[PDB]
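Shown below, as structure tokens, is a lone chain in the form deposited in one PDB entry; questions about how it binds or moves come after it.
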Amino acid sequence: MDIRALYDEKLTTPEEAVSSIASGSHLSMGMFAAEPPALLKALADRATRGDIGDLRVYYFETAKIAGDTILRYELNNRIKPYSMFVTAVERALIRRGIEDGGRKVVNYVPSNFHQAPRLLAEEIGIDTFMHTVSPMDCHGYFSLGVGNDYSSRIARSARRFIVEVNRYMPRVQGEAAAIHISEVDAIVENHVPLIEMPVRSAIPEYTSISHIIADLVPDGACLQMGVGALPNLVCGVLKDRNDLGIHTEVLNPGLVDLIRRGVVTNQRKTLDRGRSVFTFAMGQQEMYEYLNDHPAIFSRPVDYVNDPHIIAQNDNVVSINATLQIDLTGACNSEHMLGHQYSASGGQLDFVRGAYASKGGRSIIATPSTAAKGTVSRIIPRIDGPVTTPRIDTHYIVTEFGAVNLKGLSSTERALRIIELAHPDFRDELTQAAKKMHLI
């Protein structure tokens, strides 16, 4: 089996590589940084030329890469976004559509991220899959790098798999993370830095928040850190710990810093002992570079990583997630769009459930108590509509004013303890609302 010959055989231009994708078919691509820019630019060009139509693209975790190519508003009639998370890119599209005669331009597909591999392969069906990969090694394998998720599965289930080789994509070890040249239909090469998450600055509230959380992290904790600035930054208060583990949905810079520092050994885990487990990674160049050939990091597919039964196997799980609002029932909301709920597709609830089921486990959902320079309360009477984390599932809630374990508390006990986590400026107003709702 000659790999070098197979490679040359499949190597081609972005233009020719995407030239065969059928109108009326289903396409998917990797998450975030994995989105292949050369391939997506060439696909967008096809649409611009009017050479493809009715192409449904099903995907999670949008990046400017897709935002600026296939997803551009002008192509919305030809490349139809079947978005499975609604992010800043989709929010902008949706608002533009509303302005343009109330046009629906984003087709949200409700789902559980943890079920994405089966949903895409079996319910939806994907004909073409495209993903950035690390360069082929001397045994004929590419790596999915920062992506496993549903990507490992759809790379195989799709009729055609097209890869974009990028020397900047780290070579990552993981379950089905390695792709043999024989599993690939076409190859293009494009060496450019991976897209980064924005770096964010700490706010004063994070000191209290991080301090409160630290007191809640037991010896040998097995960490998951949710998306957002808060869990990424709170991670740093654990610099002084030892023998921590990682089993997380998203691998972020804060977690990788703990690995770098030797804080994370993974020696107290039941599953994947000795290796930090994640399903996809987002960060900056320093983090991406560090992942390359790292023998103590191991990606796994999302249907493993985000299975609460699997999460719970490891003792002393600590899940730290952020939210946008907490209401007086103890329900939480991470959705930016008022009156909508797309964020429930995320893996937050998987870890809320999984951490609580872990022996010695704790789920923490945290937020500053206010927004807009202290003028807006993030502790509210009642969330408008369907929630992200239901009140029956919430475990620990934290603001800069303290922590409350909600499990086993009555609705009266909950409302009273939650009001005390609000900023003093709002407690009277919240107490009256609770009275009106008959929560107390």
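Don't overthink the numbering: it's just position in the shown sequence, from 1.
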Open item on the list: Test of understanding: from the entry's C-alpha B-factors, which stretch has the higher mean, 428-436 or 15-23?
Closed with: 428-436
- [ ] Output the stretch having the higher mean C-alpha B factor in the entry; the candidates are 84-92 and 354-362.
- [x] 84-92
Task: Residue, from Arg414, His395, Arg382, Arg56, that the PDB entry assigns the highest Cα B-factor - done: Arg382
TODO: Name the one of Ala121, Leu230, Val317, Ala331 with the greatest CA B-factor according to the PDB entry.
DONE: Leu230
- [ ] Divide the modelled residues of the chain into thirds by Cα B-factor and specify which third, lowest, middle or highest, holds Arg273.
- [x] middle
TODO: Taking the chain's C-alpha temperature factors as the reference, tell me which third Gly402 falls into: lowest, middle or highest.
DONE: middle
Task: Ranked against its chain, the third holding the CA B-factor of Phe142 - done: middle
Open item on the list: Ranking the modelled residues of this chain by C-alpha B-factor as given in the entry, is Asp240 in the lowest, middle or highest third?
Closed with: highest
Task: CA B-factor ranking of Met31, expressed as a third of its chain - done: lowest
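Here the subject shifts to the form deposited with a small molecule bound, a form of this protein not shown in this document.
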Open item on the list: Quick one: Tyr141, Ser157 and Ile187 and the small molecule in the deposited bound form, is every residue within 4.5 Å by at least one heavy atom?
Closed with: no
- [ ] Find the only residue in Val217, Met136, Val89, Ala229 having a heavy atom within 4.5 Å of the small molecule in the deposited bound form.
- [x] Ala229
Open item on the list: Please identify the residue among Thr265, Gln325, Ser210, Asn112 with any heavy atom within 4.5 Å of the small molecule in the deposited bound form.
Closed with: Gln325
Open item on the list: Looking at 291-299, 174-182, 74-82, 249-257, which stretch has residues with any non-hydrogen atom within 4.5 Å of the small molecule in the deposited bound form?
Closed with: 249-257
Task: Close approach of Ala344 to the small molecule in the deposited bound form, 4.5 Å, heavy atom - done: yes
Open item on the list: Within 4.5 Å, heavy atoms only: does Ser334 come near the small molecule in the deposited bound form?
Closed with: yes
Task: the small molecule contact at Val376 in the deposited bound form, heavy atom, 4.5 Å - done: yes
- [ ] Verify the contact flag for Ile392: yes if a non-hydrogen atom of it lies within 4.5 Å of a non-hydrogen atom of the small molecule in the deposited bound form, no if not.
- [x] no
